[PDB]
Each structure stands twice: as C-alpha cells, then as structure tokens.
Amino acid sequence: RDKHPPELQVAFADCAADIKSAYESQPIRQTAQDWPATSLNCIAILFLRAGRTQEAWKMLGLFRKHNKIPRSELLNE
Amino acid sequence: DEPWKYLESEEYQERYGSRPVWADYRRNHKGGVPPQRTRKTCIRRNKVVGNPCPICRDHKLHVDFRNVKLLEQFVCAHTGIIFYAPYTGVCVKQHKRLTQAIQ
Amino acid sequence: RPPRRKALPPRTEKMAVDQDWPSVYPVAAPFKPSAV
Amino acid sequence: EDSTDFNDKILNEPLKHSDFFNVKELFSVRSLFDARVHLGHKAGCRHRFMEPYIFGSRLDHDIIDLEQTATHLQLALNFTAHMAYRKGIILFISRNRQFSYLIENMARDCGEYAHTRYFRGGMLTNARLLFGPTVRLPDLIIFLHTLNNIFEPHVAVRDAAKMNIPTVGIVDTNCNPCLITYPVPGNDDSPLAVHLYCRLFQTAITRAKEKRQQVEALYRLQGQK
Amino acid sequence: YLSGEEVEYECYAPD
Amino acid sequence: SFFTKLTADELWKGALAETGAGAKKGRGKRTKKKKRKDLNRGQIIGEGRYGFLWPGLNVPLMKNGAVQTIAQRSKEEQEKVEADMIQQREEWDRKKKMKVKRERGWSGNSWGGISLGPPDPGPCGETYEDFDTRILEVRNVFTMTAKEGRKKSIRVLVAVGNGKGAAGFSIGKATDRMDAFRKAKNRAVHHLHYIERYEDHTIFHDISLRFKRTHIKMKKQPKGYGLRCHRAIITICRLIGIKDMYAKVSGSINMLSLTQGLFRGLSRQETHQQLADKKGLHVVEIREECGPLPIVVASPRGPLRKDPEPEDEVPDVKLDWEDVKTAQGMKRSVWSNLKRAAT
Amino acid sequence: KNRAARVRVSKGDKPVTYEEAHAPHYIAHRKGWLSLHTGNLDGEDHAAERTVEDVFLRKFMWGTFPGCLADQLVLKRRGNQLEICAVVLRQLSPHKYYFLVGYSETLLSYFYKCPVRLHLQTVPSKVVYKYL
RNA sequence: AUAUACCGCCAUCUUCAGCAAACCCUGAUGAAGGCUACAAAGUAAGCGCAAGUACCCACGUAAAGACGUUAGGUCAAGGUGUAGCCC
Ligand SMILES: [K+]
Ligand SMILES: [K+]
Ligand SMILES: [K+]
Ligand SMILES: [Mg+2]
Ligand SMILES: [Mg+2]
Ligand SMILES: [Mg+2]
Ligand SMILES: [Mg+2]
Ligand SMILES: [Mg+2]
Ligand SMILES: [Mg+2]
Ligand SMILES: [Mg+2]
Ligand SMILES: [Mg+2]
Ligand SMILES: [Zn+2]
C-alpha cells in the first residue's frame, strides 16, 4: 500500500516471494492458475521497492500471459 | 498412388530420421560370413517372415520409379552403383523390383 | 496432484526462554524432540 | 563489450613482443660463466640427449656450451615471466637437499610454490583425491634439479607431461631433457650456479607480477576518464 | 543384459 | 504358532540362499533361481478377505459431510475386488516380463561390439556425451590364491571415441563385470588419441606396421568403399570417424595387441600438410574421376623449393607379395571380395 | 566367529541404525534396553509373563503399522500402564496413523487388561548411524 | 530326504593382523606389480586390531577378534528353499 524504510521493504519482498510460490504451486494447478490482478501488481511493486529488479522484470510477462491489466503505479516505478 | 509423400511425412521422419530405411536392419545367420544371397522373399502367400527386410517390414514403402528419394537410398552416392542385396539386406524379390525401378 | 504433507516446524521454536516449563511436561512422558 | 578490450590490451598485448619483460638484461654468458654453469659431469655420466648442448670434454669433464644455455635460458625466463604475468601457479621442484632451504625461501619470496620434499605417488595424476575435487594444479613447474636422489628422473617430470603442464628445467649433462618443455643446459650442482638460477627466476617472476599490476592500474584509470 | 534393459511440492494441511 | 513366525526379510534371506558356500565360490549354478518378491507391494492397509470397510483406514472417513460407519462388502462385490487384485498381479508380472531387448554384438553371446554409452560425468561438472563406448574384449581371468584357491576376476578392454578423430582405449579389471566396464570407459577418456583423417573419411596413406606379433596392413580408400576390416577395427574406426578403409590383420590375433597396434599406427600417420612442409613442395592429387586435372591438396607454408624432387628410375621400396599377387590376378581366394552387410 | 546380532561388513552401501550397529556386548555400555520393567530385578516376579507380552507387542506393531516402523519399539511399564514408543515414517496419511493409534491402544488395552498408550515420533527417513 | 539350497547360532586358524571399496601409477595398456625416511608411486573411506568399557587400578582377567580357511557343525532349537508322505 505504501513505501517503507529499506529494512521493512526487504522483509516484505521475502514474504511476497513466498506468496508468489503459493500462487504458482496451488493445488488447483491441475486446473488453470488464477492470478488476480491486484496480487500481480503488488508482488511486482514489492520486488522493485526491495531492489530485486531482475525478478520484477521477469514477472512482466505474466501480465500478458494471463491478460491482467498492469497498475499505473507499477509502470511508473 | 503418391508414394513419394510417405518420405515427406512426419511418420517417416520419426521412424527413420535422416538415415536410410535399411540402416538398422541386421540379417540373422550362423557364422561370421553371411550367405551370399539374401532370402528370396519376405512375403510368402501373404504371410511375413519373422525378420522382414527393410522394404517388406514397412508396407508404406512403395518401390516405384517415381519415388526417387527411396531409390536413391539403394544407390551409392559416390559411385552410382546399385548396392547388392546383402549390402542392405533386402530380399531377392524386392532387390529386383528396386533394380528395375532404378533403371 | 495433491502436495505431500509437510511436517510443521518443531514447536520448540515458539517457546520463550522464560516460559513455564512444568506446563510443557506436566506428567511423565517419553522424550519428544519437537517439544524439548 | 568490455572483456574483449581487456583481454586484448592486457593478455594479448604482451604476446606481441619478443622480450616484453626484458629478461635478456638479467644475465650474460659472462655472468653464467662466473657461476660455473658450463661445468658438467664426467663424460662417463653423459646422457646422449644432452650431447647437442655440450661444448666438449675438458679432460673427461663435459663442458656445457653457454651460448646455447643463453638462448635456452632466454626462452625459459621469457616463458616463466609470461606465466607469472598471467597469474599462473608456478611450482618449484628439486630433490637436492643442499638447496632445499634456498629454494623454499625463493618461492615464498616471489609468491610462488615449492616442492623440495619426498614426492608422493600421485600428487599430480591423483590430485583431486589428495587435495579435493576443486584443487587447481600448477600452470608451470620449474625443475632446478630434474633427477631424484637415486640419479633417476624426478617422477614429476613424467607426471607433469601427463597432466599437460609445461616444465622449465635445468638439465645437467647427465639428465634427460626429452620431456622438459623449456630445458636450460647448465650446472645443477655448484652453489653458485643454483643461486644464480634462483635469482633469475625470482627476479623474472617478481618483475612480471609488478608489470601485471602496472598495466591493470593504467587500464582502469584510463577507463574511468 | 541383452534380453532386457533392466527396470515434489510439500505444503501444510494438504487436502 | 504365532510366536514361531519370522519377518519377510528373514524368510527371503533363508529361501534365496545368497550367503553360503554355494554362493562363496559359485559352487551352485542357477538356471532355476529363487527370485525375491515384495509381497507387501500391492497390499493396502485395512483390506482383508472379509471385505470390511473401515472408515478412515481403507475407505474415506467422511461421506456427504457425515462420518461413515463400519460396513462390509457383499459377497459378490468382494469377489470382484479379489479378482481385480489377481489381474493387477499378473499385469505387474507382465510389466516386468516386458523388458526392452538390447542390440547384440559381434555375435549373440559375445560382449564385443556392444555399446556401453557415454563415460560418466567427471567430478568437476565434466561431461562426455559426445563420446561413445564400445567393448572389445571381456575375459574371465582366474587367479590362484594362497588361501582361497582359484578366484574369478574380469578383464575388460573398451574403446571410446567421439566420431571426430578423438578416440582412446583402456583396460578395466574388477571382480564384477560392471565395475570393470566403469573403470575402463572412464579411464579411456583420459588417454585419448587424436587421429588424422583424410577428408574426414579415410586415412592419409597406407599404414603397414607390426605390434609384437600382430601385423596390421591398412589401405587408404575412396568414398563409398566402407570399412572392410577386422570386426574390432570396424568398431574402433566408427569411434574415430573413419568411413572408408581396408585392413588385413595377420599373425597373432590378440585383441589388445591389435587395439594398441592400431592406435599406434593411426597416430603416426603423416598428413599432406606435414609432407609438404617437410619437403617444401606442393602435394598434388591426381584422381582418375577428374582426369588429368591437378588438385593441390597441400602447399608448404615456408618457402617453396626450386629443385625438382629427384626421380629415381626405380624405387627401392619393399612390396607386399599379397598386394602384388592381387594386382596380377594370381591371388585367388574364395573368401575375398564376399558380399557383406554395410559396415 | 560370533554371529549374534552383528550386522556384518559389506561394501559401504548398507545403512544401519545406531541399535543395529552395536553388537550384544555393547548392551548397557553404548546402547540401552528396548524394554524397561521390574521383572528382571532381584526379588521380582512375573519375568516370564512380561517377556511373552513384549514379544507379542513387537510382532503386533510390526504388522499393524506395515512399512511404517523406522526403528525398534521402546516398551515402558510404570505401574499397570504400558507405554509403547515407536519411531515411524511420514508416508502414511495422518488419518491412517490416528486410526491405527486409536485401534491399537484399544485392542491392546482389552487384550492385556491394562491402560495402554502409543507414542509416535515421525521421521522423514530411517536415521542412519553408519554405512557398513 | 537334502547342513552339498539356507536363515538363525557357532567351531577353527585367532595364543592371528590383516581385509578392503574408490582412485592413481609401472610393465609397450601381457598374465602381473606398486617399498626404500639422507625415501625411489602410491593415496586410501570403511572393517578388524588398537582405543574405550566390565571386574579390584592405568595391571591382569574377561569381553572383543575383521575378511578368508575347513561345501567344518547343526533341517532333531525354531524357521525355511527343493523333493517326498496324506487310511
Ligand atoms: K550355516
Ligand atoms: K531346522
Ligand atoms: K527343510
Ligand atoms: Mg649435475
Ligand atoms: Mg544366439
Ligand atoms: Mg569363540
Ligand atoms: Mg556346512
Ligand atoms: Mg586393560
Ligand atoms: Mg575370550
Ligand atoms: Mg579390542
Ligand atoms: Mg559337510
Ligand atoms: Zn523383403
């Protein structure tokens, strides 16, 4: 929701990573994976603010694969 | 009707790849020196022998003067001579049909 | 495919160094690595 | 983009010059003659593959042709300097115990390695087991004495060739230079000869290491601006 | 020998 | 008695009889052998003859949001379960009966000519997928021992190669044949020769050499000639990448002498460039298919001599009576020039 | 040569547990007892009956938890209580382990007429002491 | 019936100190061989010895004692492969 000091932001990016893994390894993986738009925007924003830009750039593909609208804030950052 | 199509299909490429249809065939015989003639025929009264030759083992391979890509596999590219039947293992019946189709 | 069950972390990791230990082992019980 | 220029300005540039480190100024036929490098063993001890490098026999004592030694020594020092410049691991090997202490100190001073002790079976051909799977072997082995203490070739000469490691070696008139990459015909017994060899290699190696730092530093300063 | 060629995710509370 | 029963491991260790004076020296041979079977393999906890359905053990605990109660399968419904388990047992046996048969070697019972695959990847992430391994000899060696009498070990000879000139061979020794296979093939890739090939299909010139008592005569051949050589030479040549060559092996036909004799001769062949450099002359190839056209195959890198090579009216070269007897037609053999499979 | 309860040297590929790796002469020196009761103390009775019960419980648990036991049972008797401590694997679903615990505790309590408790410790794999 | 199919438990050299996977090297890459301390091709996990422990000590006595040798002993401790008996 908001930016935080670097120490907290790094912690939020380790949690978003574990959440990302949860979305990727859902038990509904047998069926199509449902990646909400808000989840993708937040996970991407948290990587940038943490400095894991490499991971954030990779995720941009998932906006096109699942056809999820990117958020304005994500594009500016 | 269009025998040259089989060699351009995916089934052919999966079974043979880029090697000749006789690459993986081996004659069964006693001794180190094989008999100087191959078997007369692999199809005898509509029944196929246990180890059919490269031509007889695939019913989609048609020896025809228009299927030149198959015929090229039985002619030496460097000398232009037709391989004798023990070279590839084709039965005498199919070797004659190949020799006539090549000519 | 169902995920294989993952063992939880030993509850020793949630114990405080100033806890009431008699509440953990109130009666004679076999040694439990996850609880000691 | 920047790596090709690095390897070209630093690694490939020294290889375009005949004497990039000026190792010819380190010795002369006179300096070698004063160290008694020309003195070889008696004719009865001569190895037949050392005959090309022998000037003659002075009263049944073989004399090593220092004009040839000078050319071979130039090549050996030149190779050694380039390998030190490229940050190669240089290992000194000798079993002559009169000079074990001298050689061990020379290696430590030049920042290299010495093996003057009993050579155990498989140090090179079985190094991964003895040291570990990630062990790095030497890039150059310099033999100040190529014979062991029973007057046979040091086992590391054969094993260095097996491991495709170039060898520099002082080869006296009773030694076999066939498998030594850069042999240097010379006296291996006299303290004056052996001390000279250690100064030349020590100086060549130390000079090449200083040259590598000078070039690198210059290449960085110019890179920023 | 010639006769025959001889012959991941973990999660809590799985359902 | 319930208390006299043992576990399956104890029962199979006894029944199999793998430890004993029979299995010590192979004093017992096994055309019929007791084979271990895992009898708990297809067994489900909770399933018994009576067909009871225990909630939470062999059937689901809750059904339609309510806890199931103890139930028993009907006599008919239980026969199907039993029959289905018997069929699953024969199907499993059929799956083990279906084993992919591997290609044979020089003969059905011979190890020679069989591929062992690529050598194992080295400790430091080294790989040899480009190399193929072929067996040349598998021998049973018998050592008389001070206390244990005649013991049986295996000596294996294998060759490795990548088909692009790099090939080698190594001996392997072990008590087990498959440990010997590992040793030889892994060792062979550390003793690789590089073999020069003319136009990447044949040798540069005729090679005639003797190694101990084994004589090998090899002839340079044109494309399409194939490998008309001793079967072991054929195997080695495919690993090197030679497609066209004739070879004749005479004298002692010792596989090891033949292998190392062959590699010694193939590693000492002078290429056309080496000949041009040595003599400072052009190497000119005359082909009958191209008529009188002179084809320069190699030119000296250094200066080119101006003095022609002396033309000895008659060369003092030693000839092979077999080659001369053939050229004249006096060589008549019922076994020569026989029709054979493509090699 | 002595054989009793000795896992013999092999090629270095056989994993043995701590208990399996210690021969009988190490009993009470490096390894303890798998059952503790008062029947074998001086002046105590009913050692024969405790011994038969122990032999049964080991067979009962081996076949009741087939493929699940990763080590020998530890049998403890205090008063009339019987505690069975087992190291088991993590392959069976937890529902099947709870079923078998409820089933085994009840059946053994009625068989031997004493309160019986079963204590399960799960390990991901058999704990290896050494490779003989 | 078969200990000459075995598990199990043992005798025996042992009142021994050796066995040995995985590597490496020599003999032309033959069957084979691999040690020298002022050392010359061997490195060696593991097992045994040793150490440790028991008994009254650190002594002694127990215990321990590998691999292998004798198709050593035992199918009659029990179990069990194969074969045989089932009025
Ligand atoms: K026995
Ligand atoms: K018995
Ligand atoms: K029996
Ligand atoms: Mg000397
Ligand atoms: Mg056969
Ligand atoms: Mg005894
Ligand atoms: Mg016996
Ligand atoms: Mg004592
Ligand atoms: Mg005793
Ligand atoms: Mg002891
Ligand atoms: Mg007997
Ligand atoms: Zn046919």
# chains A, B, ... in the order shown; residues from 1 in each chain; ligands from 1
>>> residues_around(residues="range 144-154 of chain D", least_positions_apart="2", cutoff="8 Å", atoms="only C-alpha atoms (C1' of nucleotides)", output="PDB file with N, CA and C atoms (P, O5', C5', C4', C3', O3' and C1' of nucleotides), in the first residue's frame")
ATOM      1  N   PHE D  92      58.052 -24.781  -7.915  1.00  0.00           N
ATOM      2  CA  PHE D  92      59.453 -25.164  -7.988  1.00  0.00           C
ATOM      3  C   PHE D  92      59.639 -26.548  -7.382  1.00  0.00           C
ATOM      4  N   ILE D  93      60.395 -27.394  -8.076  1.00  0.00           N
ATOM      5  CA  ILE D  93      60.631 -28.767  -7.651  1.00  0.00           C
ATOM      6  C   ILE D  93      62.124 -29.050  -7.709  1.00  0.00           C
ATOM      7  N   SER D  94      62.654 -29.631  -6.636  1.00  0.00           N
ATOM      8  CA  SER D  94      64.033 -30.091  -6.600  1.00  0.00           C
ATOM      9  C   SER D  94      64.182 -31.037  -5.419  1.00  0.00           C
ATOM     10  N   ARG D  95      64.948 -32.109  -5.605  1.00  0.00           N
ATOM     11  CA  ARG D  95      65.209 -33.055  -4.530  1.00  0.00           C
ATOM     12  C   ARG D  95      66.608 -32.923  -3.949  1.00  0.00           C
ATOM     13  N   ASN D  96      67.437 -32.032  -4.485  1.00  0.00           N
ATOM     14  CA  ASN D  96      68.785 -31.848  -3.969  1.00  0.00           C
ATOM     15  C   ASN D  96      68.689 -31.103  -2.644  1.00  0.00           C
ATOM     16  N   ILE D 142      58.808 -25.610 -12.518  1.00  0.00           N
ATOM     17  CA  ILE D 142      60.205 -25.287 -12.774  1.00  0.00           C
ATOM     18  C   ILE D 142      61.053 -26.260 -11.971  1.00  0.00           C
ATOM     19  N   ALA D 156      57.937 -36.233 -11.169  1.00  0.00           N
ATOM     20  CA  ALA D 156      57.060 -35.142 -11.576  1.00  0.00           C
ATOM     21  C   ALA D 156      57.304 -34.703 -13.014  1.00  0.00           C
ATOM     22  N   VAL D 157      58.470 -35.008 -13.583  1.00  0.00           N
ATOM     23  CA  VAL D 157      58.707 -34.689 -14.989  1.00  0.00           C
ATOM     24  C   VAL D 157      57.755 -35.485 -15.872  1.00  0.00           C
ATOM     25  N   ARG D 158      57.693 -36.800 -15.654  1.00  0.00           N
ATOM     26  CA  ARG D 158      56.759 -37.634 -16.400  1.00  0.00           C
ATOM     27  C   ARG D 158      55.317 -37.260 -16.082  1.00  0.00           C
ATOM     28  N   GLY D 169      63.231 -26.557 -16.890  1.00  0.00           N
ATOM     29  CA  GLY D 169      64.160 -27.369 -16.135  1.00  0.00           C
ATOM     30  C   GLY D 169      65.622 -27.115 -16.423  1.00  0.00           C
ATOM     31  N   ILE D 170      66.416 -26.969 -15.363  1.00  0.00           N
ATOM     32  CA  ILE D 170      67.864 -27.007 -15.505  1.00  0.00           C
ATOM     33  C   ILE D 170      68.284 -28.449 -15.739  1.00  0.00           C
ATOM     34  N   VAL D 171      68.963 -28.697 -16.852  1.00  0.00           N
ATOM     35  CA  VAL D 171      69.345 -30.044 -17.257  1.00  0.00           C
ATOM     36  C   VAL D 171      70.861 -30.087 -17.343  1.00  0.00           C
ATOM     37  N   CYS D 175      71.404 -35.578 -17.464  1.00  0.00           N
ATOM     38  CA  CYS D 175      69.955 -35.526 -17.356  1.00  0.00           C
ATOM     39  C   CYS D 175      69.309 -35.794 -18.709  1.00  0.00           C
ATOM     40  N   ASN D 176      68.007 -36.063 -18.672  1.00  0.00           N
ATOM     41  CA  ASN D 176      67.227 -36.346 -19.872  1.00  0.00           C
ATOM     42  C   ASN D 176      66.268 -35.189 -20.131  1.00  0.00           C
ATOM     43  N   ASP D 188      73.878 -28.008 -12.348  1.00  0.00           N
ATOM     44  CA  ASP D 188      72.877 -28.089 -11.294  1.00  0.00           C
ATOM     45  C   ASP D 188      73.465 -28.378  -9.918  1.00  0.00           C
ATOM     46  N   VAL D 194      73.353 -22.730  -8.854  1.00  0.00           N
ATOM     47  CA  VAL D 194      71.993 -22.867  -8.344  1.00  0.00           C
ATOM     48  C   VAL D 194      71.493 -21.540  -7.790  1.00  0.00           C
ATOM     49  N   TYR D 197      70.468 -19.340 -10.720  1.00  0.00           N
ATOM     50  CA  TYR D 197      69.166 -19.731 -11.260  1.00  0.00           C
ATOM     51  C   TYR D 197      68.034 -19.172 -10.412  1.00  0.00           C
TER      52      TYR D 197
ATOM     53  P     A H  40      63.741 -40.227  -3.328  1.00  0.00           P
ATOM     54  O5'   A H  40      62.644 -40.978  -4.202  1.00  0.00           O
ATOM     55  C5'   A H  40      62.702 -40.971  -5.624  1.00  0.00           C
ATOM     56  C4'   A H  40      62.164 -42.253  -6.204  1.00  0.00           C
ATOM     57  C3'   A H  40      60.936 -42.817  -5.495  1.00  0.00           C
ATOM     58  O3'   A H  40      60.069 -43.430  -6.446  1.00  0.00           O
ATOM     59  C1'   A H  40      62.691 -44.398  -5.414  1.00  0.00           C
TER      60        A H  40
END
>>> residues_around(residues="residue 70 in chain H", least_positions_apart="4", cutoff="12 Å", atoms="only C-alpha atoms (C1' of nucleotides)", output="PyMOL selection string")
(chain F and resi 21+147-148) or (chain H and resi 11-13)
>>> write_last_selection(atoms="N, CA, C and O atoms (P, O5', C5', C4', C3', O3' and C1' of nucleotides)", output="PDB file, in the first residue's frame")
ATOM      1  N   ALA F  21      28.399 -71.366   1.268  1.00  0.00           N
ATOM      2  CA  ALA F  21      29.448 -71.985   0.469  1.00  0.00           C
ATOM      3  C   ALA F  21      29.016 -72.193  -0.975  1.00  0.00           C
ATOM      4  O   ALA F  21      29.874 -72.303  -1.857  1.00  0.00           O
ATOM      5  N   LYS F 147      45.352 -68.797   0.030  1.00  0.00           N
ATOM      6  CA  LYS F 147      44.379 -69.394   0.934  1.00  0.00           C
ATOM      7  C   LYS F 147      43.024 -69.672   0.301  1.00  0.00           C
ATOM      8  O   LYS F 147      42.331 -70.585   0.758  1.00  0.00           O
ATOM      9  N   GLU F 148      42.632 -68.927  -0.729  1.00  0.00           N
ATOM     10  CA  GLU F 148      41.284 -69.000  -1.272  1.00  0.00           C
ATOM     11  C   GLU F 148      41.215 -69.760  -2.592  1.00  0.00           C
ATOM     12  O   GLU F 148      40.150 -69.798  -3.216  1.00  0.00           O
TER      13      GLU F 148
ATOM     14  P     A H  11      32.758 -69.682  18.251  1.00  0.00           P
ATOM     15  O5'   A H  11      33.411 -71.087  17.902  1.00  0.00           O
ATOM     16  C5'   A H  11      33.291 -72.186  18.791  1.00  0.00           C
ATOM     17  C4'   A H  11      33.761 -73.458  18.142  1.00  0.00           C
ATOM     18  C3'   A H  11      35.163 -73.412  17.556  1.00  0.00           C
ATOM     19  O3'   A H  11      36.169 -73.630  18.529  1.00  0.00           O
ATOM     20  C1'   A H  11      33.679 -74.339  15.971  1.00  0.00           C
ATOM     21  P     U H  12      37.345 -72.559  18.732  1.00  0.00           P
ATOM     22  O5'   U H  12      38.281 -72.780  17.467  1.00  0.00           O
ATOM     23  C5'   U H  12      38.791 -74.066  17.160  1.00  0.00           C
ATOM     24  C4'   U H  12      39.309 -74.124  15.747  1.00  0.00           C
ATOM     25  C3'   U H  12      40.168 -72.951  15.305  1.00  0.00           C
ATOM     26  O3'   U H  12      41.510 -73.055  15.745  1.00  0.00           O
ATOM     27  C1'   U H  12      38.561 -73.416  13.642  1.00  0.00           C
ATOM     28  P     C H  13      42.068 -72.105  16.914  1.00  0.00           P
ATOM     29  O5'   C H  13      43.283 -71.339  16.229  1.00  0.00           O
ATOM     30  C5'   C H  13      44.385 -72.059  15.701  1.00  0.00           C
ATOM     31  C4'   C H  13      44.649 -71.691  14.264  1.00  0.00           C
ATOM     32  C3'   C H  13      45.005 -70.236  14.000  1.00  0.00           C
ATOM     33  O3'   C H  13      46.365 -69.943  14.268  1.00  0.00           O
ATOM     34  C1'   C H  13      43.372 -70.942  12.447  1.00  0.00           C
TER      35        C H  13
END
>>> residues_near_ligand(ligand="ligand 12", cutoff="8 Å", atoms="only C-alpha atoms (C1' of nucleotides) and all ligand atoms", output="PyMOL selection string")
chain B and resi 39-43+52-57+90-94
>>> residues_near_ligand(ligand="ligand 1", cutoff="10 Å", atoms="only C-alpha atoms (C1' of nucleotides) and all ligand atoms", output="MDAnalysis selection string")
(chainID F and resid 19:21) or (chainID H and resid 3 6:10 72:74)
>>> write_last_selection(atoms="N, CA, C and O atoms (P, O5', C5', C4', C3', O3' and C1' of nucleotides)", output="PDB file, in the first residue's frame")
ATOM      1  N   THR F  19      23.926 -66.144   0.680  1.00  0.00           N
ATOM      2  CA  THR F  19      25.114 -66.296   1.506  1.00  0.00           C
ATOM      3  C   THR F  19      25.296 -67.774   1.818  1.00  0.00           C
ATOM      4  O   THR F  19      24.363 -68.432   2.288  1.00  0.00           O
ATOM      5  N   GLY F  20      26.480 -68.292   1.541  1.00  0.00           N
ATOM      6  CA  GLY F  20      26.762 -69.692   1.786  1.00  0.00           C
ATOM      7  C   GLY F  20      27.893 -70.183   0.917  1.00  0.00           C
ATOM      8  O   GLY F  20      28.306 -69.539  -0.049  1.00  0.00           O
ATOM      9  N   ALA F  21      28.399 -71.366   1.268  1.00  0.00           N
ATOM     10  CA  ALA F  21      29.448 -71.985   0.469  1.00  0.00           C
ATOM     11  C   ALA F  21      29.016 -72.193  -0.975  1.00  0.00           C
ATOM     12  O   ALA F  21      29.874 -72.303  -1.857  1.00  0.00           O
TER      13      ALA F  21
ATOM     14  P     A H   3      23.383 -83.466   3.258  1.00  0.00           P
ATOM     15  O5'   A H   3      23.807 -81.985   3.664  1.00  0.00           O
ATOM     16  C5'   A H   3      23.023 -81.198   4.557  1.00  0.00           C
ATOM     17  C4'   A H   3      23.648 -79.842   4.772  1.00  0.00           C
ATOM     18  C3'   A H   3      25.023 -79.855   5.443  1.00  0.00           C
ATOM     19  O3'   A H   3      25.807 -78.788   4.913  1.00  0.00           O
ATOM     20  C1'   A H   3      23.564 -78.530   6.703  1.00  0.00           C
ATOM     21  P     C H   6      24.174 -73.417   0.406  1.00  0.00           P
ATOM     22  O5'   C H   6      22.983 -73.186   1.438  1.00  0.00           O
ATOM     23  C5'   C H   6      23.108 -72.277   2.519  1.00  0.00           C
ATOM     24  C4'   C H   6      21.855 -71.457   2.688  1.00  0.00           C
ATOM     25  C3'   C H   6      21.715 -70.705   4.001  1.00  0.00           C
ATOM     26  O3'   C H   6      22.448 -69.493   4.029  1.00  0.00           O
ATOM     27  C1'   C H   6      19.692 -71.823   3.518  1.00  0.00           C
ATOM     28  P     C H   7      23.135 -68.992   5.391  1.00  0.00           P
ATOM     29  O5'   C H   7      21.942 -68.326   6.206  1.00  0.00           O
ATOM     30  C5'   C H   7      21.293 -67.159   5.726  1.00  0.00           C
ATOM     31  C4'   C H   7      20.046 -66.858   6.516  1.00  0.00           C
ATOM     32  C3'   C H   7      20.244 -66.592   8.000  1.00  0.00           C
ATOM     33  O3'   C H   7      20.652 -65.264   8.272  1.00  0.00           O
ATOM     34  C1'   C H   7      18.457 -68.108   7.700  1.00  0.00           C
ATOM     35  P     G H   8      21.752 -64.969   9.402  1.00  0.00           P
ATOM     36  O5'   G H   8      21.172 -65.679  10.705  1.00  0.00           O
ATOM     37  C5'   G H   8      19.991 -65.202  11.331  1.00  0.00           C
ATOM     38  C4'   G H   8      19.520 -66.141  12.412  1.00  0.00           C
ATOM     39  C3'   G H   8      20.550 -66.514  13.466  1.00  0.00           C
ATOM     40  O3'   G H   8      20.705 -65.522  14.464  1.00  0.00           O
ATOM     41  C1'   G H   8      19.474 -68.468  12.707  1.00  0.00           C
ATOM     42  P     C H   9      22.142 -64.853  14.718  1.00  0.00           P
ATOM     43  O5'   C H   9      22.906 -65.914  15.626  1.00  0.00           O
ATOM     44  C5'   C H   9      22.335 -66.374  16.840  1.00  0.00           C
ATOM     45  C4'   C H   9      22.969 -67.661  17.301  1.00  0.00           C
ATOM     46  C3'   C H   9      24.486 -67.679  17.347  1.00  0.00           C
ATOM     47  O3'   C H   9      25.024 -67.031  18.485  1.00  0.00           O
ATOM     48  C1'   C H   9      23.706 -69.663  16.330  1.00  0.00           C
ATOM     49  P     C H  10      26.586 -66.666  18.527  1.00  0.00           P
ATOM     50  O5'   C H  10      27.294 -68.088  18.577  1.00  0.00           O
ATOM     51  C5'   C H  10      28.562 -68.296  17.980  1.00  0.00           C
ATOM     52  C4'   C H  10      28.878 -69.766  17.901  1.00  0.00           C
ATOM     53  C3'   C H  10      30.288 -70.119  17.465  1.00  0.00           C
ATOM     54  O3'   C H  10      31.218 -70.033  18.532  1.00  0.00           O
ATOM     55  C1'   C H  10      28.744 -71.427  16.251  1.00  0.00           C
ATOM     56  P     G H  72      31.134 -77.966   5.102  1.00  0.00           P
ATOM     57  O5'   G H  72      32.658 -77.923   5.566  1.00  0.00           O
ATOM     58  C5'   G H  72      33.353 -79.099   5.957  1.00  0.00           C
ATOM     59  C4'   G H  72      33.555 -79.138   7.450  1.00  0.00           C
ATOM     60  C3'   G H  72      32.291 -79.277   8.284  1.00  0.00           C
ATOM     61  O3'   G H  72      31.861 -80.623   8.404  1.00  0.00           O
ATOM     62  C1'   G H  72      33.598 -77.507   9.138  1.00  0.00           C
ATOM     63  P     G H  73      30.298 -80.994   8.391  1.00  0.00           P
ATOM     64  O5'   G H  73      29.756 -80.414   9.767  1.00  0.00           O
ATOM     65  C5'   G H  73      30.246 -80.909  11.002  1.00  0.00           C
ATOM     66  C4'   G H  73      29.439 -80.396  12.162  1.00  0.00           C
ATOM     67  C3'   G H  73      27.941 -80.290  11.943  1.00  0.00           C
ATOM     68  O3'   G H  73      27.273 -81.534  12.035  1.00  0.00           O
ATOM     69  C1'   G H  73      28.722 -78.324  12.983  1.00  0.00           C
ATOM     70  P     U H  74      26.131 -81.918  10.972  1.00  0.00           P
ATOM     71  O5'   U H  74      24.806 -81.281  11.584  1.00  0.00           O
ATOM     72  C5'   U H  74      24.382 -81.598  12.900  1.00  0.00           C
ATOM     73  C4'   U H  74      23.595 -80.470  13.518  1.00  0.00           C
ATOM     74  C3'   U H  74      22.315 -80.072  12.800  1.00  0.00           C
ATOM     75  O3'   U H  74      21.216 -80.902  13.142  1.00  0.00           O
ATOM     76  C1'   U H  74      23.567 -78.133  13.357  1.00  0.00           C
TER      77        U H  74
END
>>> residues_around(residues="residue 140 in chain D", least_positions_apart="6", cutoff="7 Å", atoms="only C-alpha atoms (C1' of nucleotides)", output="VMD selection string")
chain D and resid 89 to 91 165 to 167
>>> write_last_selection(atoms="N, CA and C atoms", output="mmCIF file, in the first residue's frame")
data_model
loop_
_atom_site.group_PDB
_atom_site.id
_atom_site.type_symbol
_atom_site.label_atom_id
_atom_site.label_comp_id
_atom_site.auth_asym_id
_atom_site.auth_seq_id
_atom_site.Cartn_x
_atom_site.Cartn_y
_atom_site.Cartn_z
ATOM 1 N N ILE D 89 50.041 -20.493 -11.595
ATOM 2 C CA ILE D 89 50.668 -21.103 -10.429
ATOM 3 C C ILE D 89 51.984 -21.731 -10.868
ATOM 4 N N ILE D 90 53.087 -21.257 -10.295
ATOM 5 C CA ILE D 90 54.422 -21.757 -10.602
ATOM 6 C C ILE D 90 54.901 -22.566 -9.407
ATOM 7 N N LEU D 91 55.267 -23.821 -9.651
ATOM 8 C CA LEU D 91 55.730 -24.731 -8.611
ATOM 9 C C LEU D 91 57.186 -25.081 -8.878
ATOM 10 N N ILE D 165 51.194 -30.033 -18.258
ATOM 11 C CA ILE D 165 51.756 -28.884 -17.558
ATOM 12 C C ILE D 165 53.123 -28.590 -18.168
ATOM 13 N N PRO D 166 53.376 -27.377 -18.658
ATOM 14 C CA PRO D 166 54.709 -27.071 -19.188
ATOM 15 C C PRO D 166 55.752 -27.074 -18.083
ATOM 16 N N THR D 167 56.951 -27.539 -18.423
ATOM 17 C CA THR D 167 58.044 -27.646 -17.469
ATOM 18 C C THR D 167 59.236 -26.831 -17.944
#
>>> residues_near_ligand(ligand="ligand 9", cutoff="10 Å", atoms="only C-alpha atoms (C1' of nucleotides) and all ligand atoms", output="ChimeraX atom specification")
/H:61-65
>>> interface_residues(of="chain A", to="chain E", cutoff="12 Å", atoms="only C-alpha atoms", output="list in words")
residues 21, 22, 24, 25, 26, 27, 28 and 29 of chain A
>>> select_by_dssp(residues="chain B", states="strand (DSSP E)", output="count of residues only")
4
>>> interface_residues(of="chain D", to="chain F", cutoff="12 Å", atoms="only C-alpha atoms", output="PyMOL selection string")
chain D and resi 125+128-129+132-136+162-164
